[PDB]
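> Below: the sequence, then the experimentally determined structure.
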Number of protein chains: 2
Amino acid sequence: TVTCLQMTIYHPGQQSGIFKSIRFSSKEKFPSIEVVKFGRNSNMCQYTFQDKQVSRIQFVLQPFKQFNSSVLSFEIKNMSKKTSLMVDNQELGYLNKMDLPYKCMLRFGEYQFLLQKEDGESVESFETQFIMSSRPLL
Amino acid sequence: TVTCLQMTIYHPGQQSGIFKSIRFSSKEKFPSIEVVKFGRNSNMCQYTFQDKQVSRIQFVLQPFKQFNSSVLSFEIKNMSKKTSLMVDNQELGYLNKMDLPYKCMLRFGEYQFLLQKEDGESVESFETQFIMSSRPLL
C-alpha cells in the first residue's frame, strides 16, 4: 500500500474559484524525492490557489522517515514571509518547520486544512487526495 | 551579509576526476526555496559526482529557521536507499533527516565532508563553498 495524505480543505470563499485548478476526489502519486509546494504561483507550486492573499509559495510538504520506523512521515515548512501558519496551536513563522502527526489542523490566512495520514508499506512513493468541505472545519 | 555553508571534502580518488564538475573556491547563491541535491545524476542534482558508488541522489540539504532564532540553519536528509549516511556519529537510512549544528562531519561511502556554517543576516537566500583537502579529515 502507498501512504496517502488526505487533506480536507475549507475556505469561506471557496466557491469563487480559488480551487479552480485543484483536482479533488482522486489520488495523485509522488516520488519520495519530491517536495510538494502550495501557493499562488503555477510555475513553482504543484497545487495552486487562485487567490492574491496567498504568497507565491505558501508552504511545502515533503516526506521523510522517523528513526527506526518503516513508514513515511510528512514535514511542513512555512514559505510565506507575511502570513503565519498554524499547525494546531503552534505558530510557524517564515522558514519554520515541524514534523506533522497523523492528524493535525492547518490554518493560514483564512484557509483551513484537515490533515489525516493513512499509511502504507511503501517508502519510495506517497499519494495526496483533496476533499472540499462544505461547512467550516473549526 | 549572507549565511554561507562551507563544505570541505576529501576522497582519495579526487585526482581521478570525481570532482571535475564541482566549482571549488567559489560562492554560489541559492534562494531559501531551493533544496540542494548531491548525487550521480546531473539532471537531478545541482552538485554531481562522477563516482558510480554514488547514488542517483545521495542526499539533500535545505535551509530553515529554528524557533525564535532569526538566522538560517540547515537540515540534511539521506536520499540514498542503499548507502547509509553518517552525520558525526549518527547513521541515517533512507529518508532519515537531521538538523545540522554549525560544525559537523559527514561520511558516506569513502567520502568525507566537513560542514561549517558561516552566519549571515539574510534569510532570503544562502550560499555554498567547496574546499578540497589534500589530507583525509579523519
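Received, thanks. Residues are numbered from 1 along each chain as shown, chains lettered A, B, ... in the order given.
> Chain B contacts on chain A?
Residues of chain A lying close to chain B by C-beta under 8 Å from any C-beta of the partner chain are A:32-33, A:35, A:44, A:57, A:63-67, A:72, A:75, A:77, A:79, A:93-97, A:123-124. The way it works is simple: take the backbone N, C-alpha and C, and place the C-beta from them, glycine included.
> Pull out the buried members of those.
Neighbour-count burial (16 or more other C-beta atoms under 10 Å in any protein chain shown) applied to those gives A:32-33, A:35, A:57, A:63-65, A:72, A:75, A:77, A:79, A:94-97, A:123.
> Next, name the residue at the spatial heart of chain A.
When C-alpha atoms, centre = their mean is applied to chain A, the residue found nearest the centroid is residue A:61 (6.0 Å).
> Can you name the residues that contact it?
Residues near residue A:61 by C-beta atoms under 8 Å, 6 or more residues apart in numbering or on different chains: A:5, A:35-36, A:38, A:74-76, A:100.
> do that again at 10 Å, thanks
By C-beta atoms under 10 Å, 6 or more residues apart in numbering or on different chains, the contact list for residue A:61 reads A:5, A:7, A:30, A:34-38, A:46-47, A:74-77, A:100, A:106, A:115, A:126, A:128.
> tell me the contacts of residue A:113?
The contact partners of residue A:113, by C-beta under 10 Å, 6+ apart, come to A:7-11, A:38, A:59, A:76, A:85-87, A:104-107, A:130, A:133, A:137.
> let me redo that: residue A:33
Counting by C-beta under 10 Å, 6+ apart, residue A:33 makes contact with A:62-63, A:124-125, B:35, B:37, B:44, B:56-57, B:60, B:79, B:95.
> mind listing which of the residues you listed are in helices?
Among these, none falls in helices (DSSP state H).
> what's the closest of the residues you listed to residue A:22?
Of all the contacts of residue A:33, the one with the least separation from residue A:22 (C-beta to C-beta) is residue A:62, at 19.3 Å.
> Run through the bridge partners of residue A:105.
Legend: beta-bridge partners of residue A:105 under DSSP bridges are residue A:114.
> Am I right that it is in contact with residue A:85?
No: look at residue A:105 against residue A:85 with C-beta atoms under 10 Å: they stay out of range, at 11.0 Å.
> out of these two, which sits in the busier spot?
The neighbour count for residue A:105 versus residue A:85, taken as other C-beta atoms under 10 Å in any protein chain shown, is higher for residue A:85 (24 against 15).
> Spit out the contact partners of that one.
So residue A:85 contacts A:58-59, A:76-79, A:91-94, A:96, A:98, A:106-109, A:111, A:113 (C-beta under 10 Å, 6+ apart).
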